[PDB]
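J.: Here it is, the structure in full.
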Amino acid sequence: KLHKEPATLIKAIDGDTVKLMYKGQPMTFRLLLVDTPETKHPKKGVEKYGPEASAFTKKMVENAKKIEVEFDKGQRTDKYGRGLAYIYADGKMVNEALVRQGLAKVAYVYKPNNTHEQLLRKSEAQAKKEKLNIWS
Numbered sequence: 006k007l008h009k010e011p012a013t014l015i016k017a018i019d020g021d022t023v024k025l026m027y028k029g030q031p032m033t034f035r036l037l038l039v040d041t042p043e044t045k046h047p048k049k050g051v052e053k054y055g056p057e058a059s060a061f062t063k064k065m066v067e068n069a070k071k072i073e074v075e076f077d078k079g080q081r082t083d084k085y086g087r088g089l090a091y092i093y094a095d096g097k098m099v100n101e102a103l104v105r106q107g108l109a110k111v112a113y114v115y116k117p118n119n120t121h122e123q124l125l126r127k128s129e130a131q132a133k134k135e136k137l138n139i140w141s
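Below is the structure:
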């Protein structure tokens, strides 16, 4: 069973990355299973909808009363030392909110870190259908 754990917002970095205080230590978290347009793309810099996705995540985390992180079944940190997790702001999963709003696509999946894959694909299908942002 996956379980949620409290964290405290330090700073929103980009649409897909947020720095949190987890277990008393500052850490950078990469949102699992989603690829958002970035403002800090290593090769492109600011992408189309990058500023929008970035503001959406920032707003969501900054205005939350409670932030919780939920690790999946596999590796919990990537190659760059970023925690890999599903982030919740007042019970709402930020990863899903972005996809539902057409501000992110479901990323290439690496088992066993795919617990919420179907949920996200479902939201992405709806966003595509509604021709939202990325899909307009």
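If you're matching positions, the sequence shown starts at 6 in the authors' numbering and goes up one per residue.
Quick reminder that beta carbons are idealized off the backbone N, C-alpha and C, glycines included.
Helix, strand or coil for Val-111 per DSSP?
T.: Strand.
J.: Kindly indicate which residue of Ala-130, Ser-128 and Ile-15 has the alpha-carbon position closest to the one of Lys-71.
T.: With distances taken between Cα atoms, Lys-71 lies closest to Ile-15.
J.: May I have a chain-ordered list of the alpha helix (DSSP H) segments no shorter than 4 residues that lie completely inside the segment 52-79?
T.: As far as the segment 52-79 is concerned, its whole alpha helix (DSSP H) runs of at least 4 residues are 55-67.
J.: With 16 as the cutoff for other CB atoms within 10 Å, does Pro-42 come out buried or exposed?
T.: Buried.
J.: Taking the alpha-carbon positions, what's the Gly-107 to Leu-38 distance?
T.: About 14 Å.
J.: Just to confirm, is the Cβ distance from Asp-95 to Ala-130 under 8 Å?
T.: The answer is no: Cβ separation not under 8 Å.
J.: Would you say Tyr-27 and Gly-79 are within 8 Å of each other, going by their C-beta atoms?
T.: In this structure, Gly-79 does not lie closer than 8 Å to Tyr-27 by Cβ.
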